[PDB]
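Below you'll find the structure, written out as structure tokens, and then a few comments.
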Amino acid sequence: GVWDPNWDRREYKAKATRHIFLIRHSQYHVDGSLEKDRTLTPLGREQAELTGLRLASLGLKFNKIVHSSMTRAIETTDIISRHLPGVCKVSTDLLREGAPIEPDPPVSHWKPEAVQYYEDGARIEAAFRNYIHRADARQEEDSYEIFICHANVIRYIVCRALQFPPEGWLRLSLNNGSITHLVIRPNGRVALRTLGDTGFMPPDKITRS
Amino acid sequence: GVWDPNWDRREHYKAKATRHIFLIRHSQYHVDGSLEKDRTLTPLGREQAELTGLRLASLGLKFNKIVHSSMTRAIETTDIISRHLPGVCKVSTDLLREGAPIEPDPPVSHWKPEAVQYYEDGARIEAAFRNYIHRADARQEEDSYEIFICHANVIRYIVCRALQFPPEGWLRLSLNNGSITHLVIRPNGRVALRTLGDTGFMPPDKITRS
Amino acid sequence: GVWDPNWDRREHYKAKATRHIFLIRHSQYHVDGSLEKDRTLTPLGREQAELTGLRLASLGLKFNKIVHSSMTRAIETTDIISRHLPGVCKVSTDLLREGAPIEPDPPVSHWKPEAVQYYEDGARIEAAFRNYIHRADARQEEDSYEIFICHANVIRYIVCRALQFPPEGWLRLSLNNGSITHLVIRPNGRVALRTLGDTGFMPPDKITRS
Amino acid sequence: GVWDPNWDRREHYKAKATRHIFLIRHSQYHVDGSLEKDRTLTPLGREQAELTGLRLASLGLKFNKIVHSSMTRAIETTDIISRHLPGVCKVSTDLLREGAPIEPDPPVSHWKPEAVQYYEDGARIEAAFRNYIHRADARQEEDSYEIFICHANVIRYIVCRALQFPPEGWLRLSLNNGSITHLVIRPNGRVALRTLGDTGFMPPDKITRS
Amino acid sequence: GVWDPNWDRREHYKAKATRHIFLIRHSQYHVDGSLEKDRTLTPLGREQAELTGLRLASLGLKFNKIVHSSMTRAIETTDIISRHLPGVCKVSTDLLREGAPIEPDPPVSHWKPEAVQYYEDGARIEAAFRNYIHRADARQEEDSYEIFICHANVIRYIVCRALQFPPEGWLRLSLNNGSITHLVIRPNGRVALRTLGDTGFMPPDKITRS
Amino acid sequence: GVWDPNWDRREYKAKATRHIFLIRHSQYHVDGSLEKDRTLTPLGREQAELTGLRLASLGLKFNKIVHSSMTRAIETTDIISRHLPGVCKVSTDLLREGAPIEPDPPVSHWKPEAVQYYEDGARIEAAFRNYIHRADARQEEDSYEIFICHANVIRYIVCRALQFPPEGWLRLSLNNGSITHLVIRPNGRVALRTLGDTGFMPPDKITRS
Amino acid sequence: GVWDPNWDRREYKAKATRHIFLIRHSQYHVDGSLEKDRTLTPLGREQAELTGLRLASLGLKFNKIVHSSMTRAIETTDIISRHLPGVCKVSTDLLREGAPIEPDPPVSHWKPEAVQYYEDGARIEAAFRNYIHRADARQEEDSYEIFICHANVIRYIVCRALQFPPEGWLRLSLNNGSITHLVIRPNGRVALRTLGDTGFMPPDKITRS
Amino acid sequence: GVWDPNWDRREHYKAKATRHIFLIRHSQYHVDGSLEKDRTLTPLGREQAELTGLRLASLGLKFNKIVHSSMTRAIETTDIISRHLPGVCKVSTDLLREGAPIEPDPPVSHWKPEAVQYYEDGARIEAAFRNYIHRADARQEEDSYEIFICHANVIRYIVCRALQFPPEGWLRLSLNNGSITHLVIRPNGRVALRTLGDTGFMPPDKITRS
Amino acid sequence: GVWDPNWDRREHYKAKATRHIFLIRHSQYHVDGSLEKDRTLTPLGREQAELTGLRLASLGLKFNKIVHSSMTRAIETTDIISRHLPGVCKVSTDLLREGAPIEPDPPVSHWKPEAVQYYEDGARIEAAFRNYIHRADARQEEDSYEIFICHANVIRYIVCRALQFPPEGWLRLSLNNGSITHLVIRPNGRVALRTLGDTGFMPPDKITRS
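Chains as they are written, first to last, in the entry's author numbering: chain C, 56 to 66, 92 to 289; chain B, 56 to 66, 91 to 289; chain A, 56 to 66, 91 to 289; chain A', 56 to 66, 91 to 289; chain B', 56 to 66, 91 to 289; chain C', 56 to 66, 92 to 289; chain C'', 56 to 66, 92 to 289; chain B'', 56 to 66, 91 to 289; chain A'', 56 to 66, 91 to 289. A prime marks a further copy of an entry chain.
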């Protein structure tokens, strides 16, 4: 039940804090037939633009923008990339949407089958481990890193990062284009500083699908 | 100890199709290369991929896709093998990049990565295994022939996991550069390894492991 | 689960030599043949052994011996492979005749021999494994290259036992006719499988498994 | 402790035939002989095999086959015993060569081979036991009388295994040179030892154990 | 499972002497005989004891004593064997009379005595075993050669107990009429069976088991 | 702890009672060098004569006289046999003297070694089983049987017959020439009716060695 | 299960052995209406006379004759007292006949009820303790003591003295007028030297009721 | 803790009769007396027994028996009490002689007998309790009035046992010389103590406890 | 089971004095009397108290106090007993009134008060016990002789508690009318009952229990 301080790589000793900005994609055409048809809507593009504008206004030197290989995630990265010029980009399969694990409590509308929790769960857990950890000892400066992916992924990441039961990932909810801020101090401590932040979007332009 | 027949998704309709999977190690490459993009194939490397490509074309098979690691050596061998198999879908993947799958038994002196690597990479390679090695989808009508161009530790760990052998013994296998490794996955969920580290098609003077 | 390093004879002095072992399945043969002596190679069979022989000659290796099964199909492939490797000691063996090593897991419908076969043949194939697969004698100065021309179940059981994988999974492997399978046994007792069921040297139209 | 009645192949129909098995130790031989081919019978040795042969001929039995070890001393006694039993099939075997079957209990000072021998030879002698000692095939109509000309440790281990006594006690038995040992295997699977180390037919001045 | 070295009286001074024990089954006898004294040897019986006697005399051994069962068939064979070994102490015993030592495994249909017999006779035969089969007394200077003329079940149970094999398997052995069985008991407590059911000295036409 | 009614062969069903008369030998020359030197003394012969005379005076038709093969036991059987003419005799090794089992409580003067308890114990126990049991079902008449042997043997027989701890065999004591009477009813029940009886010997002629 | 060496009063230290002679009464009129009618028969008196004669012939200086207060026990003491003149006599209630404890194995003819085992058992056990023990430390000479009582009493005494299961008291049997000899060495060790001895009675004059 | 109603013989017919039991301690006596027969009553003693006797006669009861201890002081008081109750059966007993019933709690300094006494005497006094204190026999028609003339420890132990109080507390009671103690035993098995250590009938100048 | 030596106040200095306590039941009284004041002594009652009084005067003891129950029958007997003991302090008490102390074991049919009485009266009688029955105060130099004139259940419960017997057995005792009961309490805390229900001083025709 207690916090594990070696949830990755515990004590050179690390000096740097990593700020992690987990961003859900914007609105997209769900009905789209093939993956490449599932592109952002006109509203979607407006949302990513605001999200991009907000990150630019923070006055931070972002190191990289890592993103899911799904078309909706790429298209929001395309728009957010404009407001943050000359920032390294990296495509990832690990951050594609999936079914992380059986959510508790259960739900009627959404019950994927055991094979999905098996295949996707190992992938999302692998994403968590590779992207959420304390700094390398060889990192001199504090990093600010953007991760543009999907709802289940982010919510599972957040629960795992905080060492809450991962089963409760579906007790969280994230709007489209929403910024979620995790801090990872070099002693291994994690703090969630905002979740599902879309205070920067005019209320008429906030959605979850 | 016993074979698990629901190692993924056992009998919704039932699968009809067999998947042939061709796990191909990359060719020789400049290890000393400074950045990842400098770690390109050698002149010998290119010769090896050419032979591997030539061999796959000679099989008389209609390959559906070529999936490959995002590492530069894997891409460059895919570039050459792609020429002999024209008009075949290609897909880049991070999952299949080289890593340290898990603690190998018995241990070795030259190569001992630290626990964090087995943690981070192991979950990634295991995720790769699960997403690419399984029996057919029920909605697949025809038998597939699929190429996977990646790296040694990855392939050897895939093979051990596919066969349900202890994954710890992945380093008891060894694979030459440009080598074809054939797994069959019948729709009943059964796996058979049909050849491993095959480079019989390379002239002996052109066979390497680094 | 763990690797046993004294699976035979662990550190008279200490061994210096690596043994390369080349387990070769026989070529195509007339299965319908009435008596054992009728079960001879086919025209295709002879073509396969010729290629296998040609490939071994092209390796530029000084083979020490060719040990073979006493079954007619194994002898006949040894006859052809022996031509390309002139002046190499040959030795006939009963231990390496085909059999049913042990109950395979998972089971199969087409092939179910009865308990007495697993008992009689299993002890024979296990005896073959122990007598031929081990690390070098201490009195051997130079690295050996040894050919073993026998049969599918035998080889697959040898391979599983050599690698210390569950022997029950011998039928999860599959070996083509005339196929070269390479095991290395370093003098520290470590075993590595370097290729399995290699027939990259055969034109695709001439590859079979029966 | 209890007798296993399916120690091989228990109730294609059911067996009708009893197999009489005559395990014969070789005669005296030159132990000091440098190579295996030098280890030939002595003048006394030949006298012993002659008596053993004479005795088997006097039994009035139609022997089906004489199976023998491939060691020179075993062959040479088979050569002499073969004369008195004319027109009886002969078969050479590696399985029946002398070895160290398993760690004997209690231990002995004079004779302590090392673990690798018990491993390699034990599997071979056990394989010999299983392949030659079992109840009749169902397709055998008449009772067989079979001769097996081999070596002391082999026979004593066979006998202990046949009777289902602890095989560790093989060295608690002792067999003279040229000695006949009679096992019966009724078709119900029951084994009876009817004489062991019989050399009552040799004049006392011509009995040896080395 | 392991050999007990203090199965009697292990290292008072220490034993120096080996005891050779010659367990001899009686010859053929009239089973149908009404009273015990009617159960005398047949004409063949007498011929058998004569040969057995002749054989023991030909060994060139100075026998110390002849101990025998008090049953008439055992006495009558002792009478004939005593002639060829003149001036050798004789001693009658009840302990060595025939009985049912213990439940034999596996069971038999023809012969099933009831629990009271295994109780009464078993304690008697076990007492016989202990009193006659042990290592030498320390006060015995010379190696002994001792004859024990008794019955089949007795001998077979003695042999199993002497060798520390499961006594239940006494009926897995079988002994001819007039047959010599040789046990050696070295002064360190070690037992070796050197021949069992030896009747090689009888012409085949004169060998029986009842 | 409770009486076992199948201490041999329990329920044709038996009809006959067996009376068993366990008789210790008379005085003998203990110092005698070889077994054949250990013969009865002049007093010994007097004792056996009285014992014999007493058994003849009982007016019983004795079926057999079984005896130990030791010289002192034979010699007393020779004298007792005279007073009971035409009664079957049988020699036995089972009834020779020995050390039946470790006696409790222990004693200082007499401590034989483990090998004796092993070899002799199995023999005396075998004697007990073969001679002490209920009648055969095929026995029509009540038997009266004499057993001429030795002290340790008899005392061990008695303890075993009564189902008392056999360890207490040395808590009993038996005079030379002494009659000991066991009854074995056909239902398997045993009764000791006299032990170490030498009331028939003049007091000046009673010994235990 | 093992012998208890402090079955009474274990280690001045005792020097003396006590010989104890437990004697059953002679034949008596069982049918007698009142206790005083249950007197010895003409045969009874003959038996006590022989028993008395035998004890006198032992050449022992008896210290006391203790006896049961039942009329048959007194009457045999009267006759035995004649042959041992000037020997202290003592009457006792403790040694009257009773049912000591449930006998094993059971019997059909004789099954007294629980109250008897309760009342009599405590009395016979009290008799055992008061009369059967090792010598007092203050006793210089070896004693020879006579106890004239009844069958169940004696048989229970004997079983308890020897430390055998007392339940087996009915596995013993004692003739009328029979001498039973217990020895109690000063180290606390007990030996039974004869039981139910009537070798001194002509066979035609031996009874058990 | 609870009253046991079958402390002897509970409901064969059922008891109808109540037993009154009058436990009387002896009078004063010469303790210093050398032998038991010297320990006779004093002149005061005789006066006490006379009063006790006089009191029992004045009760107007038909006493059935007077049972008494065999000690001389108990007999001598019975002699005097017997005069006032003419023609009443008398019976001597060893059971009721004085002793040490069991370890008294709490302990005392002046009087500590040793374990052997509690063993020997305790079983005797307990036997006395059981034989004399119980409910009526069914065959007793009339209510009995019974006198028991004995000693202090005996009576006090009887009383504690009769009432089912801890017998260890027997020394918490105290009884004067010549004192009457009355127990009633109704035929349902119930016990009542009606007076204890009653000497109200003695002039105070004539009351003692030794 | 064991005696508690600190049943009150165990070793201000240490106690020197013994307390004699004389628990006296009231005399006969009119039970049928309507109100408590009607329940006065009978003519016989007065005769009884007179004798009890006369007896206490004859003891030659200097009584310190007479404590009594406030019930009319207890007062009236105190009135008569007070005459024979002139100038002795008197004290009335509610604690010593009659009640139901606790459930008696064994139970009775005639008398079954209900749980509330055992609750209310039990606490009162127990309080009486504690306040009046204990060892002397340390400040008391001389031995006391104290009279307590009360009722049957009270006294019997006091006695059981004083002796540390199960209080449940209070009804196993019985006390006559006018009866003296003597408890001694030595300064070490030890209690002895020296007589109970003593009415030896009353002519038999004048003894009652109601």
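We put the CB at the ideal spot given by N, CA and C, even for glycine.
- Counting only residues of its own chain and dropping the five nearest sequence neighbours on each side, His163 (chain C'') has a CB closer than 7 Å to the CB of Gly132, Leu133, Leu135, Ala136.
- Residue pairing from DSSP places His147 (chain C'') in a beta bridge opposite C'':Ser171, C'':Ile228.
- B'':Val110 is the residue among B'':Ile237, B'':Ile145, B'':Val110 whose C-alpha sits nearest the C-alpha of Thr119 (chain B'').
- With respect to the 8 Å criterion, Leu140 (chain C'') and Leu262 (chain C'') are not classified as neighbours on the basis of their beta carbons.
- Taken atom to atom, the span from the alpha-carbon of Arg251 (chain C'') to that of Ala153 (chain C'') is near 23 Å.
- Take the alpha-carbon of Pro186 (chain C) and the one of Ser253 (chain C): they are about 15 Å apart.
- Look at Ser258 (chain B') here: in three-state DSSP terms it is coil, with no helix or strand label.
- By the Cβ neighbour-count rule, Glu193 (chain A) is exposed, with fewer than 16 other Cβ atoms within 10 Å of its own.
- Contact between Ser149 (chain C') and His230 (chain C') fails: their C-beta atoms lie close to 11 Å from each other, not under 8 Å.
- At a Cβ-Cβ threshold of 8 Å, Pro245 (chain B'') and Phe244 (chain A'') count as neighbours.
- Put simply, the stretch 259-274 of chain B' touches the stretch 203-217 of chain B'. At least three CB pairs are less than 8 Å apart.
- Judged by beta-carbon spacing, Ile228 (chain C') lies within the 8 Å limit of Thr156 (chain C'), meaning their Cβ atoms are closer than that value.
- Ranked by how close their Cα comes to the Cα of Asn255 (chain A), the residues A:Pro282, A:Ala241, A:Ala271 have A:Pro282 in first place.
- Sequence-distant Cβ neighbours of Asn232 (chain A) in its own chain, meaning closer than 7 Å and more than five residues away, are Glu177, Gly178, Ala179, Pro180, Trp249.
- Under the three-state reduction of DSSP output, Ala241 (chain C'') falls in the helix class.
- For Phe101 (chain C''), the secondary structure class from DSSP, reduced to helix, strand or coil, is strand.
- Following the DSSP letters along the chain, one finds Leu272 (chain B) inside the beta strand (DSSP E) bounded by residues 270-277.
- Beta-bridge pairing by DSSP links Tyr108 (chain A'') to A'':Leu120.
- Cβ proximity to chain B below 7 Å picks out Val195, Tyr198, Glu199, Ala202, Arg203 from the stretch 189-203 of chain C.
- In the same chain as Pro60 (chain B), and ignoring 5 residues on each side of it, the C-beta atoms closer than 7 Å to its own belong to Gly268, in chain order.
- Not one beta carbon of chain B'' lies nearer than 8 Å to the beta carbon of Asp59 (chain C'').
- Interface criterion not met: the Cβ of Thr278 (chain C'') is under 8 Å from no Cβ in chain B''.
- If you look at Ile204 (chain C), you'll find it in the alpha helix (DSSP H) that goes 194-211.
- Collapsing the DSSP output to three states places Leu164 (chain C) in coil.
- By the neighbour-count definition (other C-beta atoms within 10 Å, threshold 16), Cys239 (chain C') is a buried residue.
- Separation of the CB atoms of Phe142 (chain A'') and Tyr224 (chain A'') is rounded to 5 Å, and the pair is thereby assigned contact status at 8 Å.
- Taking a contact as a CB-CB distance under 8 Å, the pair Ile159 (chain B') and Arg125 (chain B') counts as one, their CB atoms being some 6 Å apart.
- Non-local beta-carbon contacts of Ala271 (chain C'') in its own chain, meaning distances under 6 Å to residues more than five positions away in sequence, involve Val263 in chain order.
- Chain order gives the chain C'' residues near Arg209 (chain B'') as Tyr198, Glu199, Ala202, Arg203, where near means a beta carbon separation below 8 Å.
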